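Visitor: Contents are mmCIF, C-alpha atoms; file name protein.cif:
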```
data_input
#
loop_
_atom_site.label_atom_id
_atom_site.label_comp_id
_atom_site.auth_asym_id
_atom_site.auth_seq_id
_atom_site.Cartn_x
_atom_site.Cartn_y
_atom_site.Cartn_z
CA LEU A 346 148.11 -12.60 -34.66
CA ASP A 347 145.39 -10.97 -32.58
CA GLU A 348 144.73 -11.10 -28.84
CA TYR A 349 141.01 -10.57 -29.41
CA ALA A 350 139.55 -12.96 -31.97
CA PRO A 351 136.62 -11.83 -34.17
CA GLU A 352 134.81 -15.04 -33.16
CA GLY A 353 134.52 -13.78 -29.58
CA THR A 354 131.97 -11.19 -30.71
CA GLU A 355 129.59 -13.83 -32.09
CA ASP A 356 129.98 -16.18 -29.11
CA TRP A 357 128.58 -14.04 -26.27
CA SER A 358 125.61 -12.50 -28.09
CA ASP A 359 122.79 -13.24 -25.61
CA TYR A 360 122.53 -10.45 -23.04
CA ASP A 361 120.53 -11.94 -20.17
CA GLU A 362 120.56 -9.41 -17.30
CA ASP A 363 120.42 -5.73 -18.26
CA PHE A 364 119.06 -4.55 -14.90
CA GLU A 365 118.85 -0.80 -14.26
CA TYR A 366 119.63 0.16 -10.66
CA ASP A 367 118.21 3.68 -11.12
CA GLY A 368 114.60 2.45 -11.18
CA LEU A 369 114.76 0.91 -7.71
CA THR A 370 112.82 1.96 -4.62
CA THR A 371 114.61 -0.59 -2.40
CA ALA A 372 118.00 -2.28 -2.67
CA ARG A 373 118.41 -5.16 -5.11
CA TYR A 374 117.22 -7.93 -2.78
CA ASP A 375 113.92 -8.77 -4.47
CA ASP A 376 114.80 -12.48 -4.56
CA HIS A 377 114.68 -13.01 -0.77
CA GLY A 378 113.59 -9.66 0.68
CA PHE A 379 110.36 -7.65 0.87
CA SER A 461 160.22 10.19 -6.11
CA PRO A 462 161.50 8.17 -3.05
CA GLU A 463 159.34 10.21 -0.66
CA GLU A 464 156.16 9.40 -2.61
CA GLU A 465 157.03 5.69 -2.66
CA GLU A 466 157.77 5.71 1.08
CA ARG A 467 154.49 7.47 1.90
CA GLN A 468 152.50 5.13 -0.36
CA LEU A 469 154.17 2.06 1.16
CA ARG A 470 153.41 3.31 4.69
CA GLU A 471 149.78 3.98 3.74
CA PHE A 472 149.42 0.53 2.13
CA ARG A 473 150.91 -1.21 5.19
CA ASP A 474 148.63 0.75 7.53
CA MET A 475 145.58 -0.03 5.39
CA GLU A 476 146.49 -3.73 5.26
CA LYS A 477 146.81 -3.75 9.05
CA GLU A 478 143.42 -2.01 9.32
CA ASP A 479 141.97 -4.61 6.92
CA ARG A 480 143.40 -7.41 9.07
CA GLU A 481 141.94 -5.82 12.21
CA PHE A 482 138.66 -4.70 10.58
CA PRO A 483 137.75 -6.65 7.41
CA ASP A 484 135.59 -4.39 5.19
CA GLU A 485 134.10 -1.72 7.46
CA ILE A 486 133.09 1.67 6.03
CA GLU A 487 132.58 4.73 8.24
CA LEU A 488 129.47 6.71 7.27
CA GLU A 489 129.13 10.48 7.77
CA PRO A 490 126.10 12.59 8.76
CA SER A 491 126.48 14.59 5.54
CA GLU A 492 126.94 11.36 3.58
CA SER A 493 123.83 9.94 1.90
CA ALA A 494 123.86 6.14 2.01
CA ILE A 495 121.45 5.46 -0.87
CA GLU A 496 123.28 7.35 -3.62
CA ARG A 497 126.74 6.04 -2.72
CA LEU A 498 125.55 2.46 -2.07
CA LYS A 499 122.96 2.15 -4.86
CA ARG A 500 124.66 -0.42 -7.10
CA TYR A 501 125.34 -2.80 -4.20
CA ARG A 502 123.11 -5.79 -3.43
CA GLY A 503 121.80 -7.24 -0.18
CA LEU A 504 122.10 -11.01 -0.53
CA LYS A 505 122.02 -13.07 2.66
CA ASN A 506 124.33 -15.96 1.68
CA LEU A 507 127.28 -15.65 -0.69
CA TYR A 508 127.43 -19.35 -1.63
CA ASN A 509 123.69 -19.99 -2.14
CA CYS A 510 122.38 -16.95 -4.04
CA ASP A 511 121.93 -17.03 -7.83
CA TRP A 512 124.67 -14.71 -9.00
CA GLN A 513 125.08 -14.32 -12.75
CA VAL A 514 128.28 -13.87 -14.73
CA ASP A 515 126.87 -12.60 -18.03
CA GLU A 516 125.29 -9.41 -16.62
CA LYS A 517 125.77 -6.13 -18.47
CA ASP A 518 127.50 -3.46 -16.42
CA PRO A 519 129.13 -0.10 -17.29
CA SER A 520 131.92 -0.92 -14.82
CA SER A 521 132.72 -4.05 -16.83
CA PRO A 522 135.41 -3.64 -19.51
CA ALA A 523 134.25 -3.76 -23.12
CA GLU A 524 136.78 -6.52 -23.84
CA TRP A 525 134.67 -8.81 -21.63
CA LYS A 526 132.51 -8.90 -24.77
CA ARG A 527 135.70 -9.65 -26.73
CA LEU A 528 136.97 -12.72 -24.81
CA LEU A 529 137.32 -16.38 -25.77
CA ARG A 530 134.89 -18.41 -23.65
CA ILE A 531 136.22 -21.93 -23.17
CA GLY A 532 133.77 -24.22 -21.40
CA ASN A 533 135.95 -26.90 -19.78
CA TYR A 534 139.66 -26.28 -19.25
CA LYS A 535 140.82 -29.85 -18.63
CA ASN A 536 139.10 -31.67 -21.52
CA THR A 537 139.95 -28.97 -24.08
CA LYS A 538 143.53 -28.83 -22.78
CA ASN A 539 143.96 -32.61 -23.09
CA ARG A 540 142.35 -32.60 -26.56
CA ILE A 541 144.78 -29.90 -27.70
CA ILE A 542 147.73 -31.82 -26.19
CA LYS A 543 146.92 -34.99 -28.14
CA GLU A 544 146.24 -32.85 -31.23
CA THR A 545 149.79 -31.52 -30.86
CA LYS A 546 150.87 -35.15 -30.50
CA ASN A 547 149.20 -36.07 -33.79
CA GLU A 548 149.93 -32.96 -35.89
CA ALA A 549 153.68 -32.54 -35.20
CA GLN A 550 155.31 -32.11 -38.61
CA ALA A 551 158.85 -32.10 -37.14
CA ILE A 552 159.86 -34.66 -34.51
CA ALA A 553 161.94 -33.76 -31.45
CA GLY A 554 165.71 -33.41 -31.70
CA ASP A 555 166.03 -32.10 -35.27
CA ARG A 556 168.22 -29.54 -37.04
CA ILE A 557 165.57 -27.33 -38.64
CA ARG A 558 165.64 -24.03 -40.56
CA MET A 559 162.79 -21.66 -39.67
CA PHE A 560 161.81 -18.67 -41.81
CA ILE A 561 159.71 -16.43 -39.55
CA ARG A 562 157.84 -13.23 -40.33
CA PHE A 563 159.46 -10.42 -38.38
CA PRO A 564 159.30 -6.59 -38.24
CA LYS A 565 162.25 -4.31 -39.02
CA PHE A 566 162.48 -2.28 -35.79
CA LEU A 567 162.82 -5.28 -33.44
CA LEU A 568 165.87 -6.19 -35.56
CA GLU A 569 168.00 -3.40 -34.10
CA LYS A 570 168.06 -4.86 -30.59
CA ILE A 571 169.02 -8.37 -31.76
CA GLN A 572 172.43 -9.53 -30.50
CA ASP A 573 174.65 -12.38 -31.84
CA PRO A 574 173.44 -15.86 -30.79
CA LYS A 575 176.93 -17.11 -29.87
CA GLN A 576 177.28 -14.60 -27.01
CA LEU A 577 173.68 -14.60 -25.72
CA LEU A 578 171.13 -17.42 -25.77
CA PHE A 579 168.30 -17.04 -28.31
CA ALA A 580 165.67 -19.73 -27.75
CA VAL A 581 162.47 -20.38 -29.70
CA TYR A 582 159.35 -21.46 -27.80
CA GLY A 583 156.20 -22.72 -29.47
CA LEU A 584 152.61 -21.83 -28.64
CA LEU A 585 149.56 -24.08 -28.67
CA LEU A 586 146.13 -23.39 -30.16
CA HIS A 587 144.39 -20.20 -28.96
CA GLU A 588 147.19 -19.37 -26.48
CA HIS A 589 147.53 -15.86 -27.96
CA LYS A 590 143.96 -14.96 -27.02
CA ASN A 591 142.94 -13.23 -23.80
CA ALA A 592 140.56 -14.91 -21.37
CA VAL A 593 139.69 -14.82 -17.68
CA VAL A 594 142.35 -16.94 -15.98
CA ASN A 595 142.87 -18.02 -12.36
CA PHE A 596 146.36 -18.49 -10.90
CA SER A 597 147.57 -20.12 -7.72
CA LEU A 598 149.27 -17.56 -5.48
CA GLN A 599 151.55 -18.63 -2.64
CA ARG A 600 153.39 -16.01 -0.62
CA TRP A 601 157.12 -16.44 -1.14
CA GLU A 602 159.07 -16.81 2.08
CA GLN A 603 160.79 -14.09 4.16
CA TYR A 604 158.85 -11.16 2.67
CA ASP A 605 156.37 -9.67 5.14
CA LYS A 606 155.68 -6.84 2.65
CA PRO A 607 152.04 -6.42 1.58
CA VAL A 608 150.58 -6.44 -1.90
CA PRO A 609 147.10 -5.21 -2.89
CA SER A 610 144.84 -6.66 -5.56
CA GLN A 611 145.07 -3.62 -7.84
CA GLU A 612 148.78 -2.85 -8.28
CA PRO A 613 150.54 -4.08 -11.44
CA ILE A 614 152.71 -7.17 -10.96
CA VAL A 615 154.94 -8.78 -13.57
CA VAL A 616 153.94 -12.44 -13.93
CA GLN A 617 156.08 -14.96 -15.81
CA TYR A 618 154.30 -18.19 -16.70
CA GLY A 619 155.64 -20.76 -19.09
CA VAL A 620 158.10 -18.39 -20.70
CA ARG A 621 155.85 -15.36 -21.25
CA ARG A 622 155.97 -12.24 -19.06
CA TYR A 623 152.87 -10.06 -18.67
CA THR A 624 152.06 -7.11 -16.44
CA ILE A 625 148.96 -8.23 -14.54
CA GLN A 626 146.84 -6.44 -11.97
CA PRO A 627 145.35 -9.54 -10.31
CA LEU A 628 142.22 -9.79 -8.19
CA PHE A 629 142.92 -11.74 -4.99
CA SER A 630 140.39 -14.30 -3.78
CA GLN A 631 140.14 -17.39 -1.57
CA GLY A 632 140.14 -20.78 -3.29
CA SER A 633 137.18 -22.15 -1.33
CA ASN A 634 134.74 -23.97 -3.60
CA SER A 635 131.34 -22.42 -4.25
CA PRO A 636 128.16 -23.99 -5.69
CA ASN A 637 127.53 -20.76 -7.64
CA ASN A 638 131.26 -20.07 -8.28
CA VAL A 639 131.29 -16.81 -6.28
CA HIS A 640 134.40 -15.95 -4.26
CA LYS A 641 135.27 -13.13 -1.86
CA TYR A 642 137.52 -10.40 -3.28
CA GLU A 643 140.60 -10.09 -1.07
CA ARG A 644 141.92 -6.52 -1.00
CA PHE A 645 145.39 -7.79 -0.04
CA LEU A 646 147.17 -11.12 -0.20
CA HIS A 647 146.52 -13.42 2.72
CA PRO A 648 149.93 -13.78 4.43
CA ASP A 649 149.27 -17.40 5.48
CA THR A 650 147.17 -19.28 2.91
CA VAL A 651 147.41 -19.76 -0.85
CA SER A 652 145.07 -17.43 -2.74
CA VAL A 653 143.69 -17.32 -6.30
CA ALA A 654 144.59 -14.49 -8.69
CA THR A 655 141.90 -13.71 -11.27
CA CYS A 656 142.81 -11.62 -14.30
CA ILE A 657 142.43 -11.24 -18.06
CA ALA A 658 145.49 -12.78 -19.70
CA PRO A 659 146.49 -15.01 -22.62
CA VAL A 660 145.97 -18.65 -21.75
CA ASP A 661 148.45 -21.46 -21.11
CA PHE A 662 147.41 -25.05 -21.82
CA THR A 663 150.26 -26.85 -20.04
CA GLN A 664 149.49 -25.79 -16.42
CA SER A 665 152.90 -24.14 -16.22
CA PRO A 666 154.22 -22.91 -12.86
CA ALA A 667 153.86 -19.15 -12.51
CA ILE A 668 156.22 -16.68 -10.84
CA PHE A 669 155.32 -13.20 -9.60
CA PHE A 670 157.60 -10.21 -9.10
CA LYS A 671 158.14 -6.47 -9.42
CA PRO A 672 161.10 -4.74 -11.13
CA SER A 673 162.82 -2.19 -8.89
CA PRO A 674 166.44 -1.30 -9.73
CA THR A 675 167.22 -0.37 -6.10
CA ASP A 676 168.44 -3.89 -5.31
CA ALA A 677 171.38 -5.57 -7.04
CA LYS A 678 168.88 -7.83 -8.75
CA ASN A 679 166.13 -5.98 -10.60
CA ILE A 680 163.58 -8.38 -9.04
CA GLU A 681 161.46 -8.24 -5.91
CA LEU A 682 160.00 -11.75 -5.92
CA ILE A 683 156.61 -11.51 -4.26
CA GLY A 684 155.21 -15.00 -4.80
CA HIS A 685 155.08 -18.29 -6.67
CA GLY A 686 152.41 -20.66 -7.94
CA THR A 687 151.00 -22.54 -10.92
CA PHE A 688 148.36 -21.90 -13.60
CA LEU A 689 145.13 -23.20 -12.07
CA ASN A 690 142.36 -22.57 -14.60
CA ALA A 691 141.20 -20.64 -17.65
CA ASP A 692 137.58 -20.10 -16.62
CA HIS A 693 135.30 -17.11 -17.18
CA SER A 694 132.63 -18.11 -14.65
CA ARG A 695 134.64 -16.83 -11.66
CA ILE A 696 133.29 -13.49 -10.42
CA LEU A 697 134.43 -11.65 -7.31
CA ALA A 698 132.35 -10.02 -4.57
CA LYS A 699 133.18 -6.50 -3.42
CA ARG A 700 131.94 -6.69 0.16
CA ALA A 701 131.09 -3.55 2.12
CA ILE A 702 130.46 -3.79 5.87
CA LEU A 703 128.74 -1.23 8.08
CA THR A 704 129.71 -1.62 11.75
CA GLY A 705 128.44 -0.05 14.96
CA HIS A 706 127.32 -0.32 18.60
CA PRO A 707 123.81 -1.33 19.76
CA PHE A 708 122.47 1.50 21.93
CA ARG A 709 119.69 0.05 24.09
CA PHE A 710 118.49 -3.45 24.90
CA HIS A 711 115.08 -4.89 25.75
CA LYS A 712 113.88 -8.48 26.03
CA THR A 713 112.97 -8.75 22.35
CA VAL A 714 113.75 -5.43 20.64
CA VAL A 715 117.21 -3.84 20.47
CA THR A 716 117.52 -0.14 19.65
CA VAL A 717 120.61 0.17 17.45
CA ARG A 718 122.60 3.39 16.99
CA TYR A 719 125.13 4.66 14.43
CA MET A 720 124.17 2.86 11.27
CA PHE A 721 122.79 5.82 9.28
CA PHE A 722 121.61 9.37 9.86
CA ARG A 723 118.26 9.49 8.01
CA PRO A 724 115.23 7.25 8.64
CA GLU A 725 114.70 6.90 4.89
CA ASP A 726 118.11 5.22 4.71
CA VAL A 727 116.77 2.78 7.32
CA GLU A 728 113.71 2.26 5.11
CA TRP A 729 115.94 1.58 2.10
CA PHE A 730 117.94 -0.90 4.23
CA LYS A 731 114.85 -2.75 5.50
CA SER A 732 115.17 -6.04 3.63
CA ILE A 733 118.90 -6.67 4.10
CA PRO A 734 119.60 -8.62 7.33
CA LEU A 735 121.86 -7.59 10.21
CA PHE A 736 124.65 -9.80 11.52
CA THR A 737 126.61 -9.59 14.78
CA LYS A 738 130.27 -10.66 15.07
CA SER A 739 129.40 -12.74 18.13
CA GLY A 740 127.76 -14.92 15.46
CA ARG A 741 124.10 -13.90 15.55
CA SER A 742 121.76 -12.99 12.71
CA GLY A 743 118.87 -10.56 12.86
CA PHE A 744 116.60 -8.15 11.03
CA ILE A 745 115.45 -4.56 11.29
CA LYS A 746 111.97 -3.51 12.43
CA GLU A 747 111.56 0.27 11.98
CA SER A 748 113.48 3.52 12.25
CA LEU A 749 113.26 4.86 15.80
CA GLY A 750 114.69 8.37 15.48
CA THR A 751 115.71 10.79 12.75
CA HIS A 752 119.43 10.32 13.46
CA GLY A 753 119.73 6.65 12.44
CA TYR A 754 118.37 5.06 15.62
CA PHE A 755 116.28 2.03 14.73
CA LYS A 756 114.55 -0.91 16.38
CA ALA A 757 115.71 -4.40 15.45
CA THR A 758 115.09 -8.05 16.29
CA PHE A 759 117.96 -10.45 16.92
CA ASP A 760 118.31 -14.20 17.39
CA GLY A 761 120.15 -13.93 20.72
CA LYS A 762 120.79 -11.46 23.52
CA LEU A 763 123.48 -8.91 22.66
CA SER A 764 125.41 -6.62 24.99
CA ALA A 765 127.11 -3.27 24.37
CA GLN A 766 130.44 -4.98 23.58
CA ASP A 767 129.08 -6.62 20.42
CA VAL A 768 129.18 -5.07 16.94
CA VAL A 769 126.12 -4.97 14.68
CA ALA A 770 126.99 -4.96 10.99
CA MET A 771 125.52 -4.82 7.48
CA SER A 772 126.84 -6.62 4.37
CA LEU A 773 126.53 -5.31 0.81
CA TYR A 774 127.88 -7.07 -2.27
CA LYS A 775 129.06 -5.89 -5.68
CA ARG A 776 130.12 -7.56 -8.92
CA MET A 777 133.88 -7.51 -9.56
CA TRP A 778 135.43 -8.07 -13.06
CA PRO A 779 139.05 -8.79 -14.02
CA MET A 780 141.28 -6.28 -15.80
CA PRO A 781 143.27 -6.77 -19.04
CA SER A 782 147.01 -7.37 -19.13
CA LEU A 783 149.92 -6.23 -21.30
CA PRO A 784 153.23 -7.95 -22.17
CA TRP A 785 156.38 -6.84 -20.35
CA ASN A 786 159.69 -6.02 -22.03
CA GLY A 787 163.16 -5.25 -20.72
#
```
Please render this file's structure as structure tokens.

Guide:
Amino acid sequence: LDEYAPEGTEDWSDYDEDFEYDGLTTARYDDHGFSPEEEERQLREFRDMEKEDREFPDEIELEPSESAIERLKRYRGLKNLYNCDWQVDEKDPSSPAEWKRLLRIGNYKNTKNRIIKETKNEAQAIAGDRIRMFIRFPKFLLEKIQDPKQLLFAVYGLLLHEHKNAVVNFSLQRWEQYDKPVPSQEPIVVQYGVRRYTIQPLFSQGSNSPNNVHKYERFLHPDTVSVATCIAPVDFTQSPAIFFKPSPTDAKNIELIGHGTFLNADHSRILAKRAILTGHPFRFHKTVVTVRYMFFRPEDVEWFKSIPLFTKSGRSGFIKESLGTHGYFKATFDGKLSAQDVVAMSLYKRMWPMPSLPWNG
């Protein structure tokens, strides 16, 4: 009866990447480079920020007093999200310690099927039987037990290793006739199988990746089915999963945000915190474009030399040198860009799931 098995400590013993970002002169691109009022205000702010995210995906506004290097130091500068060699077993202070303490199952489907036929073979009692169970049980949970003839008391069995936390991925479909937003960091009560757990799930798109790297969605996509990544006890039956929030304001104490099914119990799924820097190209020549309002120090431009530029018209490019001392810099682009286009910079960060707790009442 432990969520974190002692065997999880001896499984993930080989620390591969222990990279220190403090001893870096350039960005990490060495692979390819050189009470009701508070709730109302919070709901309004979340809706406005979701609308801003829909209009502008991941843009960050930089300040003249803001230093880009110190606040953007841990980010990376990879050119392609689905081709780069991301690693899952990196050591990071932002990672939870219980990432060390997880059960790492290799293949979900084969292990799940093996456990299902094991439960076929090792069933001591056959279905449909009048059976007496003596169960170990604490004293305090006795004093909220009611009589079974007035309220249903059902007993549900658990498979092998279902009590143990692991990184799990859920299907997430937006339930109809709620236009209300939901971020990827708020707690949400999730009922799967029979068990209810409070889960703060990371939202991602279910597009397949060769390196199993997926974009972290800040909010739920209102149109397409997303994938919710979290740390939770596993289910080996692929049970449908339901998602809600308890608020006693309604007659029902349920606001039902979504529905779905248990997709996978896989630890290889990481998420990418993407940070975008957007701005207007100042001046245009035949080959060299002088770009304005990226940074405010030329040494920031030097630190951002290797990471490529991209333009929302669909055109890649690179930097050449810092023109002025206010962030003006020369750059080379694939095509000819006007003043109505937006030049932008992409930075990427590792994102880890968070642990979950059971829900009662």

Visitor: So that each row is one residue of range 636-716 of chain A with an atom at most 12 Å from range 494-500 of chain A, can you give its shortest atom pair and the distance in Å to one decimal, using all atoms listed in the file, rows by chain and rising number, as a Markdown table?

Guide:
```
| residue | atom | partner | partner_atom | distance |
| --- | --- | --- | --- | --- |
| A:699 | CA | A:500 | CA | 11.1 |
| A:700 | CA | A:498 | CA | 11.4 |
| A:701 | CA | A:498 | CA | 9.2 |
| A:702 | CA | A:498 | CA | 11.2 |
| A:703 | CA | A:494 | CA | 10.7 |
```

Visitor: Would you write out, as a list in words, every residue that the PyMOL selection byres ((chain A and resi 645) around 6) captures in this file?

Guide: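 When the PyMOL selection byres ((chain A and resi 645) around 6) is applied to the shown file, the picked residues are residues 608, 609, 610, 643, 644 and 646 of chain A.
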
Visitor: Using only C-alpha atoms, what residues lie at most 10 Å away from (145.5, -10.5, -5.7) (file coordinates), given as a ChimeraX atom specification?

Guide: /A:596,598,608-614,625-631,642-647,652-656

Visitor: Which residues fall under the PyMOL selection byres ((chain A and resi 376-468) around 10) in this file, as a list in words?

Guide: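 This file gives the following for the PyMOL selection byres ((chain A and resi 376-468) around 10): residues 371, 372, 373, 374, 375, 469, 470, 471, 472, 473, 474, 503, 504, 505, 510, 511, 731, 732, 733 and 734 of chain A.
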
Visitor: Do a neighbour search on residue 767 in chain A at 7 Å with all atoms listed in the file, toss out local chain neighbours closer than 5 positions, and write the hits as a VMD selection string.

Guide: chain A and resid 706 737 to 739

Visitor: Any chance you can output those residues with C-alpha atoms as a PDB file, in the coordinates of the input?

Guide:
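Dumped to again_16.pdb:
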```pdb
ATOM      1  CA  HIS A 706     127.320  -0.320  18.600  1.00  0.00           C
ATOM      2  CA  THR A 737     126.610  -9.590  14.780  1.00  0.00           C
ATOM      3  CA  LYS A 738     130.270 -10.660  15.070  1.00  0.00           C
ATOM      4  CA  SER A 739     129.400 -12.740  18.130  1.00  0.00           C
TER       5      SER A 739
END
```

Visitor: Could you check which of A:635, A:603, A:506, A:539 is closest to residue 585 in chain A, using all atoms listed in the file?

Guide: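 Counting all atoms listed in the file, the residue closest to residue 585 in chain A is A:539.
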
Visitor: Which is closest to residue 540 in chain A among A:578, A:557, A:680, A:586, if we use all atoms listed in the file?

Guide: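 Ranking A:578, A:557, A:680, A:586 by distance to residue 540 in chain A, first place goes to A:586.
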